[PDB]
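Novice: Quick one: this structure, given as structure tokens, is what I'll be asking you about.
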Amino acid sequence: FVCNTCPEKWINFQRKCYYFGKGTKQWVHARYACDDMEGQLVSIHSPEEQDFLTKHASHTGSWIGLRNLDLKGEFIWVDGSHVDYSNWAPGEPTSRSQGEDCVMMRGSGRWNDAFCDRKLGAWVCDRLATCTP
Amino acid sequence: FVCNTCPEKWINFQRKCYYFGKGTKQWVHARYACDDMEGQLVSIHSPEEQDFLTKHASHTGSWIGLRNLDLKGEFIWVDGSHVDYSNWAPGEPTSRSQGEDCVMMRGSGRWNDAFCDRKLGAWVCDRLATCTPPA
Amino acid sequence: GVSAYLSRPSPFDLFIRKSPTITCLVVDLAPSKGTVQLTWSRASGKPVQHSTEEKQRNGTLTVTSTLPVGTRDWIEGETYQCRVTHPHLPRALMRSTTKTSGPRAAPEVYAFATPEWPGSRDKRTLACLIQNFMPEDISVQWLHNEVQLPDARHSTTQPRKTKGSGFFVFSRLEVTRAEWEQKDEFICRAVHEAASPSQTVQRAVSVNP
Amino acid sequence: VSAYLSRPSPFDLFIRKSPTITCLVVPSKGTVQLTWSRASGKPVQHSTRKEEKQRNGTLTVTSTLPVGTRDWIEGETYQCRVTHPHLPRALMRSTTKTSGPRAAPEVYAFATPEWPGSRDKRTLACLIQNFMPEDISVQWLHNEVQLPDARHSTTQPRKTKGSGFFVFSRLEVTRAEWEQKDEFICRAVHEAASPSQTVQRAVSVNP
Ligand SMILES: [Ca+2]
Ligand SMILES: [Ca+2]
């Protein structure tokens, strides 16, 4: 097999498809968006995967698929995976509250915890790339 | 020097004048009335004084000048004087509260503690009677 | 929409300070460019004494008139009325106040102190529970060096009913180590109608005695 | 006619994992219509209506909507709309998670000294303070079993001298409870309380 096929308007990278949505939305409204698009908020696991995203990330900042169940204190990707690869901007996560149980990605590709009721102009979705036989 | 002069509408008894007012009044409103008539609510001190009042006492009931500063728990006449003479009806004072820091007089002349915001149709004032130089 | 309030005097002002005042508070939920006219009147028709406005932090005007009353006058059962000449309600406001007439009960005083919480070595919080009293009118005070702590320093709840007939409040007071390392005794005072003698019940309270 | 909208109880949310919010409105031809809507526009679950006449000729009607655990925590805004014959311009109430700093509650629990003339009963007290946000659940325990809510009474959260909030809870207790098992637990469910959103103090009558 070979996996790099994406449905229209989706950008490919490795075995996954990525949609870079734009529009003033809260974190959970940004989560909804991705569901409706049959993907999910993005889950970053490799430095290369982040490097890709850094190039397409809006300057305004972007919503990523990382937060916690509170009944944690520990961040977890919307796909269920834990944090293996991390790209925290310095002094972040400022978490432990504060609050900021949702993580955003800067222009720089760096992550910072911001409050979830804050509205940001971009979010990144992901889904599994499809394959050519 | 003899004391029995009363101003009009005042009935005398011994050395004091007595006015037997009528009209629905609360106790404190009953108090005001007597001040405005330059007396005070009645202060009963002698069983003879009580006998006299019993015969003029409204059968509906009357307000008398007995209550407490609260910061007491003990009743005191409006003149300042303590209770020497008492004419308590059976069961009364029901005070210690209850309530009923005001003392009212029944038709029978007997005393009972009723609430102060309660309204009664009669009240009794007193003042010192005035006197007459000897000749 | 618009409401107004008229509050009895403070057991402290009445029974101890012997100069009680009532306050008529009117909360305007949107102030218009007119005046409010708070008028005072006694139910007897006797003369009222001369009585004593603010922008809140949400554009609502709060104006309060403090009428000083007679000590005896109040305790005996005089009804006081508040007549507020508003430029926006078809007719006037008639708020009326009098001595709450019925059963008494002396308040139960309890004073505790909080155990030490790590990282707050320099401060503790003293609690006072005042309960099983009636009527709800009660004054709650904290003492030190046999002078009274100012009002702001502590915080006391509105009297709620107890499971039985009484009422209860809690008072909460944060204290600095400077304070208890001067005299380690703090008095929780409650001035209540029914409390004898001298209308006072108080408990004393020590940070680790 | 006022209108209100209350957040879920941190107990329903964090422990019971089935939070509910309620729209309370405090009366003539009762064509009242409580409407529920999500700020996302997603479908809301079915809510429980109940109307009641109060002991002063006022109608008190409440709608209780159950929400998603995750959906609530993550910041969804829920709304309540009302249209009515004795109402001029429809009331529109909204509720969302209070997004701010967090502080875990300090719990302390007392039993009151013996009062002359009152032997077989005591009063337990519980001070829960320095927490935020104000949303907090208070409960009392005895022998594995959680005491009924009516049994105790807990204050509306007031601000502390610092940044936090405090509540007091008051609990009257019988001799047979404490002689059986002389231990009573004061439990706080709060957002910031770790681990598993619980702070509690145990207190004995004369320990
Ligand atoms: Ca930060
Ligand atoms: Ca009686």
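Indices start at 1 and increase along the chain as displayed.
Determined by X-ray crystallography, 3.3 Å, according to the entry header.
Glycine is no exception: its Cβ is also placed from the backbone N, Cα and C atoms.
Per Swiss-Prot, the features are:
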{"type": "DISULFID", "residues": "A:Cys3-A:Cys131", "note": "disulfide bond"}
{"type": "DOMAIN", "residues": "A:5-127", "note": "domain 'C-type lectin'"}
{"type": "DISULFID", "residues": "A:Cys6-A:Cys17", "note": "disulfide bond"}
{"type": "DISULFID", "residues": "A:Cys34-A:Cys125", "note": "disulfide bond"}
{"type": "BINDING", "residues": "A:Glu92, A:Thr94, A:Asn112, A:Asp113", "note": "Ca(2+) binding site"}
{"type": "DISULFID", "residues": "A:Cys102-A:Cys116", "note": "disulfide bond"}
Novice: Tell me the Cα distance separating A:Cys102 (disulfide bond) from A:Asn112 (Ca(2+) binding site), rounded to the nearest angstrom.
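Specialist: Computed Cα spacing between A:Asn112 (Ca(2+) binding site) and A:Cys102 (disulfide bond) is 9 Å.
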Novice: Identify, in sequence order, the residues in the chain of A:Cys6 (disulfide bond) that are 6 or more apart from it along the sequence and have a CB within less than 8 Å of its CB; answer 'none' if there are none.
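Specialist: Listed in sequence order, they are A:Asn12, A:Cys17, A:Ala129, A:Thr130.
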Novice: Per DSSP, what is the residue count of the domain 'C-type lectin' (A:5-127) in each of helix, strand and coil?
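Specialist: Once the DSSP states are binned, the domain 'C-type lectin' (A:5-127) shows 20 helix, 41 strand, 62 coil.
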Novice: With 8 Å as the upper Cβ-Cβ limit, not reached, which of the recorded positions A:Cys34, A:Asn112, A:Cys125, A:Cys131 neighbour chain D?
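Specialist: Answer, by Cβ distance to chain D: none.
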Novice: Look up A:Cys131 (disulfide bond) in the DSSP assignment and report helix, strand or coil.
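Specialist: Looking at the DSSP assignment, A:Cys131 (disulfide bond) belongs to a strand.
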Novice: Listed disulfide-bonded residues are A:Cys6, A:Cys17, A:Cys102, A:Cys116; which sit with C-beta under 6 angstroms of ligand 1?
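Specialist: Near ligand 1: none of them.
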Novice: Might you list, by sequence position, any residue in that chain lying six or more from A:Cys3 (disulfide bond) with a Cβ less than 8 Å away from its Cβ?
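Specialist: Non-local contacts for A:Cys3 (disulfide bond): A:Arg15, A:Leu128, A:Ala129, A:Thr130, A:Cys131, A:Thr132.
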Novice: Let me know how many other Cβ atoms fall within 10 Å of the Cβ of A:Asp113 (Ca(2+) binding site).
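Specialist: Other Cβ atoms found within 10 Å: 24.
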Novice: Among the disulfide-bonded residues listed here (A:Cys34, A:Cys102, A:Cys125), which has the Cα closest to the Cα of A:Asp113 (Ca(2+) binding site)?
Specialist: A:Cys102
Novice: Starting from each candidate's C-beta and looking 10 angstroms out, tell me which of the disulfide-bonded residues A:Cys102, A:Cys116, A:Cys125 has the most other C-beta atoms.
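Specialist: Counting every other Cβ within 10 Å of each candidate, the maximum falls on A:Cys102.
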Novice: Tell me which residues of the chain lie with their Cβ under 8 angstroms from that of A:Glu92 (Ca(2+) binding site), as long as they are six or more apart in sequence?
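Specialist: Correct list: A:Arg110, A:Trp111, A:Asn112, A:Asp113.
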Novice: Rank the binding-site residues A:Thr94, A:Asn112 by how many other Cβ atoms lie within 10 Å of each Cβ and give me the one with the fewest.
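Specialist: Minimum Cβ neighbour count within 10 Å, taken over the binding-site residues A:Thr94, A:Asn112, occurs at A:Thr94.
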Novice: Restricting the comparison to the recorded positions A:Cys34, A:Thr94, A:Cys125, which residue's C-alpha is spatially nearest the C-alpha of A:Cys102 (disulfide bond)?
Specialist: A:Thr94
Novice: Counting only residues 6+ away in sequence within the same chain, which have a CB under 8 Å from the CB of A:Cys34 (disulfide bond)?
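Specialist: A:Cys34 (disulfide bond) has long-range Cβ partners A:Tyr19, A:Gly21, A:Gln40, A:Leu41, A:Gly65, A:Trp123, A:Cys125, A:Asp126.
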